[PDB]
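J.: Let me give you the structure first, and then I'll get to my questions.
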Amino acid sequence: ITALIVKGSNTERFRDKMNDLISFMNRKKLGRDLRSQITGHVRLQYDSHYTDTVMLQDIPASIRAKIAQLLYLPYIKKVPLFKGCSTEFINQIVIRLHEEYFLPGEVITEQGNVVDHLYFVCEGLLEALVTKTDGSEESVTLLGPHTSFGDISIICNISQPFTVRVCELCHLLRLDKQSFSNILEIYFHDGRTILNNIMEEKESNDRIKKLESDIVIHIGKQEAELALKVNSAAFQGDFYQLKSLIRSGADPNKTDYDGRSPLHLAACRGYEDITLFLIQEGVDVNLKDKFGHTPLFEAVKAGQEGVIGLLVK
Amino acid sequence: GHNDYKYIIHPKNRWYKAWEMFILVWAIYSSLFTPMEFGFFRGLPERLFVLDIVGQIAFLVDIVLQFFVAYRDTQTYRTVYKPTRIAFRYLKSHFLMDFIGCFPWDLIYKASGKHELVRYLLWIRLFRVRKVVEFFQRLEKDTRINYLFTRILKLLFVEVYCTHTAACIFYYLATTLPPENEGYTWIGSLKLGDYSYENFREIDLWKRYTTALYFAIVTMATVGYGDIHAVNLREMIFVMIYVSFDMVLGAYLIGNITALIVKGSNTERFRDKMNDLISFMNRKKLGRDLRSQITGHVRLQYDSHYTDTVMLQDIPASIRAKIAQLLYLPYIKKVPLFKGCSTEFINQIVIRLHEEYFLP
Amino acid sequence: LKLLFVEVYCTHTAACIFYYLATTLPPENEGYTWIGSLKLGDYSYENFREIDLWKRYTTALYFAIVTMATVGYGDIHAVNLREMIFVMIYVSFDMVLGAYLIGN
Amino acid sequence: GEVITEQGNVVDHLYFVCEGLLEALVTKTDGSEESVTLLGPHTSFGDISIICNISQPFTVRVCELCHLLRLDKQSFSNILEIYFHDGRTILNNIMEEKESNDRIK
Amino acid sequence: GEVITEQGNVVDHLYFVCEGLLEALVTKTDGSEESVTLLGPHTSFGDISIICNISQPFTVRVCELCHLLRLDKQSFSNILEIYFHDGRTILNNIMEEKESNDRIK
């Protein structure tokens, strides 16, 4: 019987963790309001025991991704942002998601703040109050289940458009802003899907403010970057990324804003590997930039005798 | 401000809290007196009429009030103010037993030709102990009292209540036999000292109750003097049941007390560290200054709660942020290394910032 | 050691209080006290107020020590209602004390 | 079936495949695994990334009961730097091994 | 009865004898180990091969409860590199006390 008691009960662990928290709060003089919020949140972790993912921490990341693709996957499929997006993008979002539960009344994000976390609303009701210039907050949308907030702010690189408050115990799937941006960059095609989804969302009911004007920015920028990335990797010397960039898209004959193909920069910087790879791509060897310069001229001007010979042959 | 109703009162209202404590005291008394009302009386005397009527009135108004008290929904975590939802919850949860216990069972017993089976329904009022259980569970979530200590005070209340109930049931079992077979009952064959409990139905209620509760308490600690013991077979069966159940109850009591003193305390754990350290301090004959340095190490290790850094590793990122940018942020804002940096970069620095303390 | 000292002290005090509650009753009706009705062996504690001090103390402390370990021989028992009440209180308190001893 | 080391991540743990077969694949951005090597018993991986301080070129995932012998990045480097000499003439030989791979450039 | 270092093995740790009796033994090819000396308190071993950089000169075998202070080879080498004059004084002490062992290198 004593062993059974000493093994511990859920409320006993609640008591210990809460008392530790109260020690830390009082000693750091957090403040009545903040003490109330943190106590409420961890009390939530102890009433619903949603922080049962601690066992998950032991289970390795591959199996964790599998459990993620069994639990978080349906909601993220339903998410309006990830409509028509590639399965790989969906999976990467699911793997990087973290479960959270927020008690009613809690202000998750505040209008004007930097959105460091993009939340997927899964099981709950929230609010989208806009803190106007006067300060009155009108509920833009109820942001019901299977939705997302923090998303337009992260992608459009604008501050938080509206304050989000909790109506009912909400099961949010949090995603770090930086992880979202990295996944967005790594899959540029799925990013294109996100941006057209954002634009078609404007044609739909997304109750957004001001103007987004980013799909067209993405149409220009994704392609212009990918070409630039090719040229910049050539100039820096990143042959390894250059192969992947050429295979991903654009064209090894693509030129920059000044009309410089990657061969020009590879010749100037004396990179025989990149120069050879462009040779197998059949890149123009007499292509001339806005300043009337051929890659042979750049190889000679920099005295890259090996690259000079490669271009001469 | 969602209390548009002038009838539903918030469950944390001060006046309703005072009523809750009042009905807790009445629940304690009524649940302690129901075994006494059942065992030691075959029908209440005229002296206790007003007490009985007033008690059931006090619990009936509690039944009435429970339809006007908001309850925090366990799926939406907001105080449901809807009167029909509140009434539905109370009617389906514990309304029937409160209502049945609120019947004047003594007057019904006397009215129904003095039938013992009617009096056997007095044990429905035992379900008023739900109030006491609720009070204890409310204490255990309140962090001003140690949980295990509350879990043992609850077990002490359970033990007090089981002894009182067992004493009443034991004397009732004595009364079940006709007064002609008094010599075959546990109390009717009692000759403690020179006093003989021959006609035990005529002795004053407190003498009988003190004797029966003496039996219950001494058997609760298994002292078993033997001066008082079972005689009938109904008494053997009841004593066997009570003794077998009390074995497990006392074992659980010992287990809970051992839980308190085995879990230990921060003082105890640090003291164990000190015992080991200061012992090493002595075996090697360390200089008192070096000893002071080591003692200062451990002293700051727990005193600045240096161990206490990762409790909030489970609080969500929003609150984790607010804590960090309300505690570590000012220093970083004034650090010349990050002078001129974006506030968001400083926020990221502060989020993963660790705390450490160093002695001179 | 604190619990052992507390338990020993409580036994001694309980024995003294037990004997005192035996003395509260008038000497005429001593047959209703725990010591006045004692017939241990062939020796009867008849004039319990005239016995040697150490016999009285050893009998009272025997009862206290026995009930402290809850042996409950039964030869000495709370005959009075006041004796019963005191034995009830002691026994209930010592159960918690012994549980604390086992836990420590 | 569990990934040991992930491509695009600087390896901080050199593993010695000693029992059980491991499989090394560079999964493409479209989700297509490309098994580049099959590291059986008495093989090593991660060493390129640590010696280079580059990211892992191929994600390595387990295929049988792979009894491996992990060696930390700081541990290895130390055996060469912190354990000077232990990591000078000998590591030069290790560099000869890596250049004799003939793919490392 | 235990052996600390065996004559011929590469020294990885320099040991100092605080208390207890150790025995340095030259194991010849005759099936026997000539007892070079009985290393006592305040002596040291694993230093001849850590300074003269040679193979362990004698098998050090335990005979009592020896409370040995151990110094890692790398650590000692690093400290010698930092403190060159102290290494001088040490090497001086080696040559002045070359009468300690006849088979000393």
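J.: Among the residues of the range A:70-106, write down those that are closer than 30 Å to A:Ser36 by Cα and of a type outside the set (A, V, I, L, M).
T.: A:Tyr72, A:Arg96, A:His98, A:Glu99, A:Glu100, A:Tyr101, A:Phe102, A:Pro104, A:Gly105, A:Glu106
J.: I want to confirm something. Restricting to the range B:305-341 and keeping residues that are among the hydroxyl-bearing types (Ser, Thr, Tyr) and within 9 Å of chain A (Cβ to nearest Cβ), which single residue is surrounded by the most Cβ atoms within 10 Å (Cβ to Cβ)?
T.: B:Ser318
J.: To continue, here is another question. Those residues that are free of Cβ contacts under 8 Å to residues at least 24 places away in the same chain and assigned to a loop (DSSP other than H, G, I, E, B), I need them from the range A:123-142; list them, please.
T.: A:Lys132, A:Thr133, A:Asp134, A:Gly135, A:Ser136, listed by residue number.
J.: Then there is this: May I ask you to verify whether B:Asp227 is outside any helix (DSSP H, G or I), acidic (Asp, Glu) and surrounded by 22 or more Cβ atoms within 10 Å (Cβ to Cβ)?
T.: Criteria met by B:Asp227.
J.: Cβ-Cβ under 8 Å, sequence separation 6+ or interchain: first residue in the range E:61-77 and without any contact (Cβ under 8 Å) to a residue 60 or more places away in the chain and aliphatic (A, V, I, L, M), partner assigned to a loop (DSSP other than H, G, I, E, B) and surrounded by fewer than 18 Cβ atoms within 10 Å (Cβ to Cβ). Which pairs?
T.: E:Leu65/E:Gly20
J.: Specify which of the listed residues (C:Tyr57, C:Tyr19, C:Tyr100, C:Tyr32) is among the aromatic types (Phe, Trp, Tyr) and within 30 Å of B:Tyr252 (Cβ to Cβ).
T.: Exactly one of C:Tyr57, C:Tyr19, C:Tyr100, C:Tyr32 is among the aromatic types (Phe, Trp, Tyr) and within 30 Å of B:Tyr252 (Cβ to Cβ), namely C:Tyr100.
J.: Just checking, does the range B:224-247 include any residue being within 12 Å of another protein chain (Cβ to nearest Cβ) and hydroxyl-bearing (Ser, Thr, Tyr)?
T.: yes
J.: Could I ask something else about it? Here are the criteria: (1) surrounded by fewer than 15 Cβ atoms within 10 Å (Cβ to Cβ); (2) assigned to a loop (DSSP other than H, G, I, E, B); (3) without any contact (Cβ under 8 Å) to a residue 24 or more places away in the chain. Tell me which single one B:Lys114 does not satisfy.
T.: Result: B:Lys114 fails condition (3) only.
J.: Can you give me the number of residues within the range E:1-22 that are crowded, with 19+ Cβ neighbours inside 10 Å and part of a strand (DSSP E or B)?
T.: Matching residues across the range E:1-22 total 6.
J.: For the range C:1-50, enumerate the residues that are surrounded by fewer than 18 Cβ atoms within 10 Å (Cβ to Cβ), hydrophobic (A, V, I, L, M, F, W, C) and closer than 26 Å to B:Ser196 by Cβ.
T.: C:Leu25, C:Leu40
J.: Do any helices (runs of 4 or more DSSP H) entirely within the range B:264-360 hold 2 or more residues that are under 30 Å from A:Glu110 (Cβ atoms), and if so, which?
T.: Per the criteria, B:317-327, B:329-334, B:343-351.
J.: I'm checking my understanding of the structure. Among residues of the range B:200-224 that are out of contact with any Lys or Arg (no Cβ under 7 Å at 6 or more places or on another chain) and in a loop (DSSP other than H, G, I, E, B), which one is nearest to B:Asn181 (Cα to Cα)?
T.: Among those that are out of contact with any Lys or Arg (no Cβ under 7 Å at 6 or more places or on another chain) and in a loop (DSSP other than H, G, I, E, B), it is B:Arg201.
J.: Restricting to the range A:158-199, what's the tally of residues that are among the acidic types (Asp, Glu) and either at positive phi or touching a strand residue (DSSP E or B) at 6+ places or on another chain (Cβ under 7 Å) (or both)?
T.: Result for the range A:158-199: 1.
J.: Continuing with this model, one more query. Taking into account only those residues within the range A:1-36 that are among the polar types (S, T, N, Q) and not in a loop (DSSP other than H, G, I, E, B), which is nearest to the other protein chains (Cβ to nearest Cβ)?
T.: Result: A:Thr2.
Here's the yes/no breakdown for (1) of a type in the set (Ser, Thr, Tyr); (2) part of a strand (DSSP E or B); (3) more than 14 Å from the chain's Cα centre (by Cα):
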position	(1), (2), (3)
D:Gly31	no, no, yes
D:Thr37	yes, yes, no
D:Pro41	no, no, no
D:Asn78	no, no, yes
D:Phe84	no, no, yes
D:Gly87	no, no, yes
D:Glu96	no, no, yes
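J.: Only helices (runs of 4 or more DSSP H) wholly contained in the range A:47-118 count here; list those with 3 or more residues that are surrounded by 15 or more Cβ atoms within 10 Å (Cβ to Cβ).
T.: Where helices (runs of 4 or more DSSP H) fall fully within the range A:47-118 and carry at least 3 residues being surrounded by 15 or more Cβ atoms within 10 Å (Cβ to Cβ), they are A:61-71, A:73-78, A:87-95.
J.: Specify the residue that is surrounded by the fewest Cβ atoms within 10 Å (Cβ to Cβ); the eligible residues are those in the range B:208-218 that are at the interface with another protein chain (Cβ under 9 Å from one of its Cβ atoms) and hydroxyl-bearing (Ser, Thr, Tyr).
T.: B:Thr210
J.: Given (1) surrounded by 18 or more Cβ atoms within 10 Å (Cβ to Cβ); (2) in a helix (DSSP H, G or I); (3) within 14 Å of chain A (Cβ to nearest Cβ); (4) not small (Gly, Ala, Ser), where does B:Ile124 come up short, assuming only one miss?
T.: That leaves (3) as the condition not met.
J.: Would you say B:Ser189 is more than 14 Å from chain C (Cβ to nearest Cβ), among the polar types (S, T, N, Q) and either surrounded by 14 or more Cβ atoms within 10 Å (Cβ to Cβ) or under 19 Å from C:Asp75 (Cβ atoms) (or both)?
T.: Yes, satisfied.
J.: Looking at (1) more than 7 Å from chain B (Cβ to nearest Cβ); (2) of a type in the set (A, V, I, L, M, F, W, C); (3) crowded, with 18+ Cβ neighbours inside 10 Å; (4) out of contact with any strand residue (DSSP E or B) (no Cβ under 7 Å at 6 or more places or on another chain), which one does A:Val42 not meet, given that it meets all the others?
T.: (1)
J.: How many of the residues making up the range B:144-181 are surrounded by fewer than 16 Cβ atoms within 10 Å (Cβ to Cβ) and either within 14 Å of chain A (Cβ to nearest Cβ) or of a type in the set (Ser, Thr, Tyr) (or both)?
T.: Number of matching residues: 4.
J.: Can you name every residue in the range B:217-233 that is of a type outside the set (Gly, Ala, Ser) and within 19 Å of B:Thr185 (Cβ to Cβ)?
T.: B:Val218, B:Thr219, B:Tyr225, B:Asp227, B:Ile228, B:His229, B:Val231, B:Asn232, B:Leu233, listed by residue number.
J.: Go through the range C:48-88 residue by residue and tally those that are more than 8 Å from chain B (Cβ to nearest Cβ), more than 13 Å from C:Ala15 (Cα to Cα) and either touching a strand residue (DSSP E or B) at 6+ places or on another chain (Cβ under 6 Å) or β-branched (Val, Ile, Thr) (or both).
T.: Total meeting the criteria: 1.
J.: Out of the range A:177-231, which residues are without any contact (Cβ under 8 Å) to a residue 60 or more places away in the chain, crowded, with 16+ Cβ neighbours inside 10 Å, over 14 Å from A:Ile152 (Cα atoms) and among the charged types (D, E, K, R)?
T.: Selection gives A:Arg192, A:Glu225, A:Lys229.
J.: Here is a list of conditions, (1) over 30 Å from B:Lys191 (Cα atoms); (2) free of Cβ contacts under 8 Å to residues at least 24 places away in the same chain, and B:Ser304 meets all of them except one; can you say which number that is?
T.: Single failed check for B:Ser304: (2).
J.: Okay, next question. Here is a check on your reading of the model: is E:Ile94 closer than 26 Å to D:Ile79 by Cβ and out of contact with any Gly (no Cβ under 6 Å at 6 or more places or on another chain)?
T.: Against the criterion (closer than 26 Å to D:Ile79 by Cβ and out of contact with any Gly (no Cβ under 6 Å at 6 or more places or on another chain)), E:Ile94 does not qualify.
J.: Could you grab me the full set of residues in the range A:249-285 that are crowded, with 17+ Cβ neighbours inside 10 Å, within 14 Å of chain D (Cβ to nearest Cβ) and either assigned to a helix (DSSP H, G or I) or under 32 Å from the mean Cα position of the chain (by Cα) (or both)?
T.: The answer is A:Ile274, A:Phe277.
Here the Cβ is made from the backbone with ideal geometry for all residues, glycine too, and neighbour counts use every protein chain on show. Every number in this text was worked out from the coordinates using simple rules, so none of it is lab data.
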